[PDB]
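What follows is one structure encoded as structure tokens, with my remarks underneath.
Basis for what follows: all heavy atoms, side chains included, without hydrogens, waters or symmetry-related copies. Within every chain, numbering begins at 1; the chains are lettered A, B, ... in the order of the sequence lines, protein sequences first and strands thereafter. Remember, it's 1-based here, ligands and their atoms both numbered in the order they're listed.
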Amino acid sequence: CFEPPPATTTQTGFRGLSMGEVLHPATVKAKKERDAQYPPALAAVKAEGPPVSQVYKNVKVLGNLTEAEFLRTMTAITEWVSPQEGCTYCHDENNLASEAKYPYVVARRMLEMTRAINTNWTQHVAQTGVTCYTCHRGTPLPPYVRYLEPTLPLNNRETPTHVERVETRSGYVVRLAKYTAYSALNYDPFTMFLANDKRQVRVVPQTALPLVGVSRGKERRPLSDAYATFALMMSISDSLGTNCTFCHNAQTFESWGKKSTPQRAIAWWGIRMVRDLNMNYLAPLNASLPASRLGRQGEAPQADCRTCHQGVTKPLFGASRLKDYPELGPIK
Amino acid sequence: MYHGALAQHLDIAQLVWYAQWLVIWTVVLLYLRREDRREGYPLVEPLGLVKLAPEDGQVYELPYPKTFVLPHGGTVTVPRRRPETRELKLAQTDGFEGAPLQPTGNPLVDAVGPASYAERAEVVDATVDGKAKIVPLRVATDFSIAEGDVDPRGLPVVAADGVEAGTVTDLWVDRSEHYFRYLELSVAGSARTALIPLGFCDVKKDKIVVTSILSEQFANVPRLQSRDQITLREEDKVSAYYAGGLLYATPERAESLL
Amino acid sequence: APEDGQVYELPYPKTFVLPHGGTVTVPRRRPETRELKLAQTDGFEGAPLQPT
Amino acid sequence: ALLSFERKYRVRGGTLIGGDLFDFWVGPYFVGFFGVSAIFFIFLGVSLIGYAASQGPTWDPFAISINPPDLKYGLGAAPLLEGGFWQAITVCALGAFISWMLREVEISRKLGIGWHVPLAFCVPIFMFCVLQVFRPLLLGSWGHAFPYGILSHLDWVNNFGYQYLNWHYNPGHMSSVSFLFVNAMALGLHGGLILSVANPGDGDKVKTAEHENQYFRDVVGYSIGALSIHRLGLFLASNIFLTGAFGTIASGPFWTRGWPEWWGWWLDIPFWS
Amino acid sequence: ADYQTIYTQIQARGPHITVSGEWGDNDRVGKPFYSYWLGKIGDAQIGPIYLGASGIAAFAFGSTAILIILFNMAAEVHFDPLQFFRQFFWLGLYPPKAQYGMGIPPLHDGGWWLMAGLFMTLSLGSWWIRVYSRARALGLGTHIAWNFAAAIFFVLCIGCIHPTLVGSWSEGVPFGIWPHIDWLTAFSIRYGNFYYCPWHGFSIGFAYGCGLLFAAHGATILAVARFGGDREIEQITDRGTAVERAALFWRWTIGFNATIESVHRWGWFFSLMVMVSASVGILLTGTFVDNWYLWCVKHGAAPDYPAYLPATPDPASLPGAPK
Ligand code: BCB
Ligand code: BCB
Ligand code: BCB
Ligand code: BCB
Ligand SMILES: C/C=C1/c2cc3[nH]c4c(c3C)C(=O)[C@H](C(=O)OC)c4c3nc(cc4[nH]c(cc(n2)[C@@H]1C)c(C(C)=O)c4C)[C@@H](C)[C@@H]3CCC(=O)OC/C=C(\C)CCC[C@H](C)CCC[C@H](C)CCCC(C)C
Ligand SMILES: C/C=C1/c2cc3[nH]c4c(c3C)C(=O)[C@H](C(=O)OC)c4c3nc(cc4[nH]c(cc(n2)[C@@H]1C)c(C(C)=O)c4C)[C@@H](C)[C@@H]3CCC(=O)OC/C=C(\C)CCC[C@H](C)CCC[C@H](C)CCCC(C)C
Ligand code: HEM
Ligand code: HEM
Ligand code: HEM
Ligand code: HEM
Ligand SMILES: CC(C)=CCC/C(C)=C/C=C/C(C)=C/C=C/C(C)=C/C=C\C=C(C)\C=C\C=C(/C)CC/C=C(\C)CCCC(C)C
Ligand SMILES: CCCCCCCCCCCC[N+](C)(C)[O-]
Ligand SMILES: CCCCCCCCCCCC[N+](C)(C)[O-]
Ligand SMILES: [Fe+2]
């Protein structure tokens, strides 16, 4: 039950502090190859003729694209999301403007979401940006999504054992443990932290002595808040395939400045970003999705850190198609 | 305002830091370091022609005496002045105080260096109910060797020099702890037994091997006054004898290993 | 080493509160910091020093 | 200068190396060849610490830190101020420790007693090497070793643990901790018993070996006995590091994931998954 | 070599010994028997064992505690037996997850935890009486009972005194294998890194020190086993070459030495102080210190290091930053 040396190690803090990444080369290579399946940019087309707003019947988001451009976008979208199904996954065969199929209407909102991420959350995604492929990876149902309960396997392309099935109550603690890097922390950091903006992640005081008036009895937050924040961080670590020292000097988890790496501040934005996506794009899609899509409380599948990162500190090792498809943002 | 604050800068935990340190050094210096001095003090040395002094320091470092009331009668009080009255066959190898001494006779017999015993009581150690505690199995008859182990009674003892030195004749058992502590051997070509503590004995199936001393030196193993009893001071004498072999059984043994 | 003996022989400190303000506490570590113009006349510890 | 009983024991002989040359005492200390080298190394190492410390931003005891080289210097020699000092001090520490160990064998030899103590002292020297020498070697860089600072060495322990997400689930650590706790309890028990028997209270008699055994048979149904509790104690203490070393060596060279996940070999036996 | 220090070469069998106590001698239930293999490294007689009121009391409370824990644990895998055995380590019985203050929690949110906590406490009390009594019955001092008291007090400190002191049951220690472990990290995080708590440092000092001391003591006694050094009681009341040699080994090595009695005092004291320092550290935490690292920073103790990767401002404090 062990991993043969050598291990790849990096340094993320001042020398002698034991801060940095510890990687198993075979594992990194295996993710590298999986992420390598990112289709390349379709060849660029010449911008000839009328905005498709004139040309087509029912184009809201991409209306300013010339025809050749727009069709390039549709070809890309098709290879990113529904390559095995082809164009008809979202379209009526005989009427391309028909919103008849729900993938159509979802895909429209997804174009808006995607352009939002690349335009409005550059503080997380920067000039790497995302495309439909980042989450979907060539299937309509993205392989790593979250419901309002822990579910297993994490990759939904895999087939549940009986115990993994969300219905099987005896498999709960295991469902929860595999989401928090195998710990027994009895909390689900997704529904607590990432689905919405209701809870506060910071639990550690910023004064040496207890402030009178928040430090006794019901004035104080329960210690369970600390376990939850630890659970969320186990989960963040496993999601990016990294450890705490990627982001913290464990000397003082709660300090910034020299006690935190740039990747921590970027992770801070990603938390805000993931909450936006969940609250304003993804959770609403339960209105437009089949019942087969929805969880046991009628929730649309939603996003955590893994949905994009899928075990890597940068999704797809930093690969980008932003310049290739500016339709998808940033929108100036 | 804060729980714990006492001033511009003073808080409870900060003062407990100091108290914690005082409590530690008090117990360590004033208590434990003096309990450490109930044997061997006061330190011995020469003195001058004209010198009047119990030093103050010799008083300060000692604890008040304590007295154990012993289980089968008597008391012992420590610390107490216990001079080594015994004459020692040793010589200054060099001048200075740090210089090691050197035996002038046979160190095994003179009992010096690794061959020294302590001035223990010439009393037979007792079981809780008053019997002699360490006695030969000839005497300890309700005792036995566990089924599985060698019975050395009859086996040859073989000395550091490869030579058979005698024949095991008995084991002495500790009746308080159910634990063998000596073997008794008939010394070859002598009309004597010797005891040998079980720790100097490699117990084989077919012989007992003893590396501390050469076969010639069993002759002078200390002799007990009784045959079936042994005193505390005698145990010290028997044990120390073989221990002395480790340094002294041959001329090589005191010198550098390498 | 602070020798044990150095601890044992001292009393607990006492503090005089001085009449026109201040305190003094004895015993206390009071090194002679001043540079002294003296030389070992001889080798041994008992030897007297000599002004230079 | 001498304990009341000491003089009869102060004989020549027993040295490993050197013979009569340093066979002597300075005060209570035996010197011997290895006392000379112990002192040489201490003085060296401590001088390096003073200089290295003066080159840095503090003379506060708790904040002073002398750290190993950046990872990139690999197993090579680093500039004095960027780890070179740390490399030097590590060599002196090792020389001091091993000298101390060998000096103890010479003392045992002169006294005619067993060598169990210097032997027991090898266990912590070993662990020091696991942390500072072997594990850095397996990972390929001196930069993985711990800094020499009172508090900074705790920051290294901290971060090292959190590199593997939750170090508490490291099975070698679990074993290690367990021996730390048992051994502390047992030292309490053994100390307490020997005192309870020799110091019964009031003016009652000192008790016996039979009592010691009766007490623990009564309380827990077993007593290991007088010699054996000392053998057990040397064992429990020693395994604090001898098992711990495996947990330390495994982290990095043989396991790069969080330690909780290692327990998947159990949880994910497919017959109950 | 002295092989006796490794194992007992020839084992002695003899009729078993009973030391009569002031009471309860009729409660020694069982037949001794003898393990031959155990006898190689220890005394071979296993049993008999004393029962008694406090001991039986202890087993009653203790088992009740265990039933509540295991029953709640069974509830957690929904009384699936195979999942129970599979997930056992991960399963736990938790304190209030919600802030009820010092309010008695509902059964489903910490109520059962408090119950099991109470029965375990009574269990420890009863056992303490047993450990104290037997010494008195046999005419022994009560040193062990006092070392044990410190240990129980520590448990109470992390179990209910600290929770009480800050006014929340939410802070107590879960029952379970991984859960009581996770608490260690939750509690350190909440209180600003326990490495920077002085009494945590003290406690570890004494704990490491127990390792040092029991390694050095156990070794010291095996090294003079040839001189009967194991017979420590009569080496106290009548110093012999064993402990003259033991003392001198240490004097010649480190410059000072104990006696064969005082070394047990050092040991006892070091043992005790692990639990005493630990308790003090817990009584101060939350009560008077909220962030141990900041407390060290306040008092000047903390180390600080250069940036390696660039210093990173709190994004939350940036102007325009969201919440
Ligand atoms: C503040 C720190 C804490 C801590 C930190 C901790 C860590 C960091 C670790 C553990 C670990 C462990 N802890 Mg936890 N812990 C445990 C129990 C446990 C075990 C599951 C395990 C190993 C412990 C061990 O070996 O001890 C020593 C064992 C002793 C003292 C046994 C005594 C034996 C006895 C003398 C034998 C008597 C003889 C026989 C009865 C004879 C029978 C014959 C007769 C009947 C005829 C208990 C029961 C309690 C309390 C208070 O109730 C506790 C409190 C705490 N632990 C604290 C919250 N614990 C380890 C683990 O594996 O976690 C998963 C681990 O790594
Ligand atoms: C966040 C990080 C954590 C962590 C990380 C950690 C690491 C990274 C390691 C340990 C290790 C260890 N931990 Mg863990 N730990 C421990 C306990 C322990 C020890 C049993 C064990 C060995 C320590 C060691 O290597 O000493 C080393 C001591 C040495 C080498 C002594 C050298 C002495 C030398 C020979 C002589 C020195 C002489 C002086 C210079 C002389 C001075 C002269 C003066 C006096 C005159 C407990 C009981 C707990 C609890 C209660 O939570 C805990 C929590 C945690 N540990 C955290 C979860 N721990 C080690 C281990 O074994 O893990 C498996 C280890 O590598
Ligand atoms: C893998 C885990 C490690 C660990 C984890 C650890 C923790 C988590 C804690 C300590 C603590 C301590 N550690 Mg560290 N440690 C220390 C030394 C120390 C002390 C500063 C202090 C108390 C230790 C103690 O009492 O032990 C028992 C030994 C006793 C009672 C005999 C007395 C020893 C004496 C106190 C040693 C003092 C050493 C000098 C300060 C060192 C400088 C020497 C000079 C000559 C240059 C040394 C000398 C070494 C080396 C050489 O290996 C070491 C290795 C390690 N420690 C590992 C890296 N240590 C505690 C502390 O308070 O930190 C500040 C604490 O909280
Ligand atoms: C990330 C988390 C960390 C942490 C968090 C932590 C906490 C939260 C606490 C400690 C505490 C302590 N830690 Mg620290 N720790 C320690 C070592 C230690 C111990 C010296 C001391 C706890 C005392 C103990 O023996 O508990 C084990 C002994 C126990 C529990 C006594 C039990 C006695 C009882 C009578 C037994 C009862 C048995 C019955 C069978 C029970 C039956 C029950 C049934 C009926 C259900 C080391 C050596 C290290 C290293 C090497 O890194 C370390 C790192 C860390 N600790 C991390 C920084 N540690 C404690 C402390 O000292 O704080 C000031 C404390 O509370
Ligand atoms: C499992 C068994 C264990 C065990 C066993 C035994 N333990 C022994 C013996 C046995 C059997 C002895 O025989 C020997 C002894 O004589 O006892 C009195 C000894 C001793 N255990 C000491 C410290 C001790 N034991 C620790 C741990 C265990 N012990 C484990 C638990 C710890 C822990 C845990 O931290 C500490 C700090 C010394 C007091 C003493 C060595 C003196 C020395 O070697 O002098 C020689 C050296 C010096 C006096 C100074 C050297 C200075 C160098 C050059 C410069 C400093 C370098 C350094 C790296 C800076 C780091 C500082 C930073 C991290 C803050
Ligand atoms: C610094 C010093 C320390 C220290 C000190 C000391 N520690 C002591 C003493 C001292 C001095 C004693 O005098 C006392 C003792 O006596 O020793 C022989 C004791 C103890 N330390 C134990 C465990 C320990 N110490 C730990 C730690 C430290 N200790 C620290 C380090 C740890 C840690 C590390 O986690 C652990 C786990 C126990 C063995 C023992 C208490 C038993 C008890 O309190 O029992 C309470 C009673 C019960 C739990 C009864 C129920 C048990 C049965 C099996 C349940 C059966 C269930 C079933 C359903 C029913 C069937 C019934 C059947 C009959 C038909
Ligand atoms: C596959 C290569 C493919 C084709 C072909 C295709 C064509 C297409 C056209 C011509 C339009 C405009 C038609 C009109 O007048 O409304 C159009 C518009 C949208 N499409 Fe499409 N499309 C193909 C594939 C896909 C796939 C696989 C999806 C769903 C994931 C999809 C979705 C959409 C959506 C939504 C629009 C509206 C765009 C807007 O700006 O509002 N198409 N498609
Ligand atoms: C990029 C412009 C883009 C498109 C196109 C797209 C389409 C799309 C479809 C067709 C669905 C419905 C699938 C179904 O059959 O139900 C869908 C669903 C989800 N998406 Fe998507 N998607 C695009 C981009 C992105 C991005 C960048 C992310 C991750 C941030 C993402 C995520 C998801 C998730 C989660 C869902 C809901 C679950 C589901 O209905 O399958 N998509 N997307
Ligand atoms: C590794 C398992 C790990 C631990 C442990 C950890 C802890 C932790 C704590 C205690 C906090 C709270 C800080 C406070 O109370 O003020 C905290 C906060 C954040 N973390 Fe973290 N953290 C671990 C791992 C990681 C990793 C790998 C990263 C970076 C990718 C990271 C980032 C952050 C961020 C951001 C926060 C602040 C949350 C917010 O402000 O909303 N952590 N961490
Ligand atoms: C979930 C809350 C989450 C975390 C945490 C997170 C962290 C993170 C880090 C630390 C980086 C920077 C890594 C570095 O080495 O610099 C990073 C970068 C990107 N992320 Fe992320 N991220 C979280 C969530 C999400 C989600 C849901 C997505 C996809 C919509 C996403 C995307 C990205 C992108 C793109 C980058 C790469 C930026 C680059 O410079 O290449 N993240 N994330
Ligand atoms: C009711 C009011 C108002 C106030 C009461 C306050 C009060 C007294 C509360 C006390 C709370 C306490 C003491 C809580 C303490 C919690 C702590 C210290 C728990 C720590 C550890 C728990 C652990 C490890 C549990 C492990 C799991 C088990 C119990 C499962 C069963 C396993 C066994 C018992 C193994 C037996 C092995 C043995 C036969 C060798
Ligand atoms: C070398 C040691 C091998 C392990 C032997 C295990 C013995 C069981 C421990 C019981 C200890 C009992 N006690 C303290 C009463 O003596
Ligand atoms: C951090 C725990 C500190 C424990 C203190 C241990 C004291 C060691 C013994 C010092 C003895 C010194 N002497 C000879 C001057 O007395
Ligand atoms: Fe002892």
Side-chain angles (χ1 to χ4, degrees), chain A residues 250, chain B residues 21 24-25 28-29 32-33 36, chain C residues 1-4 6-7, chain D residues 154 157-158 160-162 166-168 173 176-178 180-189 191-192 216 219-220, chain E residues 55-70 116-117 119-120 122-128 130-132 143-155 157-158 162 173 175 180-181 183-189 191 193-210 254-256 266 268 270-285:
Chain B
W21 277 118
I24 291 171
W25 290 112
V28 167
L29 290 164
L32 289 170
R33 282 303 289 145
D36 286 344
Chain C
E3 297 179 86
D4 293 0
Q6 303 196 138
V7 173
Chain D
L154 307 195
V157 190
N158 201 11
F160 181 188
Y162 279 119
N166 197 331
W167 187 259
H168 276 126
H173 193 250
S176 191
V177 168
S178 294
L180 183 81
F181 290 173
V182 194
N183 179 266
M185 160 196 195
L187 186 56
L189 289 186
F216 273 115
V219 174
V220 305
Chain E
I56 285 151
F59 264 85
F61 303 129
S63 298
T64 300
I66 284 140
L67 301 177
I68 308 171
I69 296 164
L70 286 184
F119 281 98
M120 182 208 237
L122 305 181
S123 189
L124 294 182
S126 308
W127 195 262
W128 188 83
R130 171 181 180 102
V131 157
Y132 176 83
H143 302 80
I144 302 181
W146 283 116
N147 189 109
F148 189 28
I152 294 164
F153 185 63
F154 176 50
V155 170
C157 279
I158 63 183
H162 157 78
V173 186
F175 298 89
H180 93 291
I181 285 292
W183 175 81
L184 303 170
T185 300
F187 194 84
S188 172
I189 285 174
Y191 284 118
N193 189 347
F194 253 39
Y195 283 120
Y196 281 87
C197 173
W199 288 278
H200 187 241
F202 278 119
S203 197
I204 295 170
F206 291 110
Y208 285 177
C210 284
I254 70 185
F256 61 103
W266 281 99
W268 187 84
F270 268 49
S271 189
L272 187 93
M273 285 307 272
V274 179
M275 293 286 99
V276 169
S277 300
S279 307
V280 171
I282 294 293
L283 295 168
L284 293 174
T285 298

- Query: Looking at ligand 13, does C:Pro2 have a heavy atom less than 4.0 Å from it?
  - Reply: yes
- Query: Under 4.0 Å from ligand 4, counting heavy atoms only, is it the side chain of E:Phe119, its backbone, both or neither?
  - Reply: neither
- Message: Using a 4.0 Å cutoff against the non-hydrogen atoms of D:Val220, which atoms of ligand 6 qualify?
- Response: 18 (C)
- Message: For E:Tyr132 together with E:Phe148, are the ring centres under 6.0 Å from each other?
- Response: no
- Task: Below 4.0 angstrom from a heavy atom of E:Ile144, which ligand 6 atoms are there? Numbered from 1 as shown, please.
- Result: 13 (O)
- Query: Where is the nearest protein heavy atom to atom 64 (C) of ligand 6: which residue, which atom, and how far?
  - Reply: E:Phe59 CD2, 4.2 Å
- Task: Measure centre to centre between the rings of E:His200 and E:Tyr191, then say whether the value is under 6.0 Å.
- Result: no
- Item | Residue E:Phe194 vicinity, atoms of ligand 4 by number, heavy atom under 4.0 Å | 6 (C), 7 (C), 8 (C), 9 (C), 63 (O), 64 (C), 65 (C)
- Task: Within a distance under 4.0 Å of any heavy atom of E:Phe187, pick out the atoms of ligand 4 and give their elements.
- Result: 8 (C)
- Item | Closest to atom 49 (C) of ligand 4 among E:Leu184, E:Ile204, E:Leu67, E:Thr285 (heavy-atom distance) | E:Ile204
- Mode of D:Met185 contact toward ligand 6 - side chain, backbone, both, neither (heavy atoms, under 4.0 Å): both
- Item | For E:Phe154, atoms of ligand 4 separated by under 4.0 Å from a heavy atom | 26 (O), 30 (C), 60 (C), 66 (O)
- Proximal ligand 4 atoms for D:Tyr162, defined as those under 4.0 Å from one of its heavy atoms: 1 (C)
- Query: At the 4.0 Å heavy-atom cut-off, does E:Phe148 count as touching ligand 4?
  - Reply: yes
- Message: Looking only at protein heavy atoms, which one is nearest to atom 35 (O) of ligand 6, and what is the separation?
- Response: D:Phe181 CD1, 4.4 Å
- for atom 11 (C) of ligand 13, nearest protein heavy atom and its distance come out as E:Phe256 CZ, 3.7 Å
- Query: Under a 4.0 Å heavy-atom limit, does D:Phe181 contact ligand 4 with its side chain, its backbone, both, or neither?
  - Reply: side chain
- Closest to atom 16 (O) of ligand 13 among protein heavy atoms sits C:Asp4 OD1, 2.7 Å
- Task: Measure E:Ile158 to ligand 4 on non-hydrogen atoms and call it side chain, backbone, both or neither using the 4.0 Å cut-off.
- Result: side chain
- Quick one: nearest non-hydrogen protein atom to atom 44 (O) of ligand 6, plus distance? E:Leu124 CD2, 3.2 Å
- Note on the structure: For atom 46 (C) of ligand 6, the closest protein heavy atom turns out to be E:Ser123 OG, 3.2 Å
- Query: So is D:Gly188 close enough to ligand 6, meaning a heavy atom under 4.0 angstrom away?
  - Reply: no
- Identity and distance of the protein heavy atom lying nearest atom 4 (C) of ligand 13: E:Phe206 CE2, 4.1 Å
- Determine, considering heavy atoms only, which of D:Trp167, E:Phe202, E:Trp127, E:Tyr195 sits nearest to atom 54 (C) of ligand 4. E:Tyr195
- Query: atom 58 (C) of ligand 6: which protein heavy atom is closest, and how many Å away?
  - Reply: E:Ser63 OG, 4.1 Å
- Message: Strictly inside 4.0 angstrom of atom 36 (C) of ligand 4, do you find any protein heavy atom?
- Response: no
- Would you say atom 27 (C) of ligand 6 has a protein heavy atom nearer than 4.0 Å? no
- Plane angle bin for B:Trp21 and B:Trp25 - parallel if under 30°, tilted between 30 and 60°, otherwise perpendicular: parallel
- Could you tell me the residue and atom name of the protein heavy atom closest to atom 6 (C) of ligand 13, and the distance to it rounded to 0.1 Å? E:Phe270 CZ, 4.1 Å
- Item | Per-atom contact, atom 4 (C) of ligand 6, protein heavy atoms, under 4.0 angstrom | yes
- Message: Checking the N or O distance criterion of under 3.5 Å, is ligand 6 in contact with E:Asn147?
- Response: no
- Message: Taking atom CH2 as the centre, does E:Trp128 end up with more than 12 heavy-atom neighbours from other residues, nucleotides or ligands that are less than 6.0 angstrom away?
- Response: yes
- Selection from E:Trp127, E:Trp128, E:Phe148 by shortest heavy-atom distance to atom 19 (C) of ligand 6: E:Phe148
- Query: Tell me: protein heavy atom nearest atom 1 (C) of ligand 13, and distance?
  - Reply: E:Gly205 CA, 4.4 Å
- Query: Any idea which of E:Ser271, E:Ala65, E:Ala58, E:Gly125 brings a heavy atom closest to atom 50 (C) of ligand 6?
  - Reply: E:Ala58
- Report the member of E:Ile152, E:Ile282, E:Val155 with the shortest heavy-atom distance to atom 34 (C) of ligand 4. E:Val155
- Item | Is_contact(atom 40 (C) of ligand 4), protein non-hydrogen, under 4.0 Å | no
- Going through the distances and angles, do E:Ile144 and D:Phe216 end up as a side-chain contact (heavy atoms from CB on, under 4.5 Å)? CA-CA 11 Å; E:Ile144 302 181; D:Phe216 273 115; 3.9 Å; yes
- Considering only heavy atoms of E:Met120, which atoms of ligand 4 have at least one such atom less than 4.0 Å away? 43 (C)
- Task: Could you tell me whether atom 8 (C) of ligand 13 has a protein heavy atom closer than 4.0 Å?
- Result: no
- Item | Close approach of E:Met275 to ligand 4, heavy atoms, under 4.0 angstrom | yes
- For E:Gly62, counting its heavy atoms only, list the atoms of ligand 4 lying under 4.0 Å from any of them. 45 (C)
- Query: Going by the order shown, which atoms of ligand 4 are within less than 4.0 Å of some heavy atom of E:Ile69?
  - Reply: 46 (C)
- Item | Identity and distance of the protein heavy atom lying nearest atom 55 (C) of ligand 6 | E:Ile66 CD1, 3.6 Å
- Counting heavy atoms under 4.0 Å, the part of E:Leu272 that contacts ligand 6 is neither
- Task: Would you indicate which of E:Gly205, E:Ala278, E:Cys157 comes nearest to atom 61 (C) of ligand 4 when only heavy atoms are counted?
- Result: E:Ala278
- Can E:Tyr208 be said to touch ligand 4, with heavy atoms closer than 4.0 Å? yes
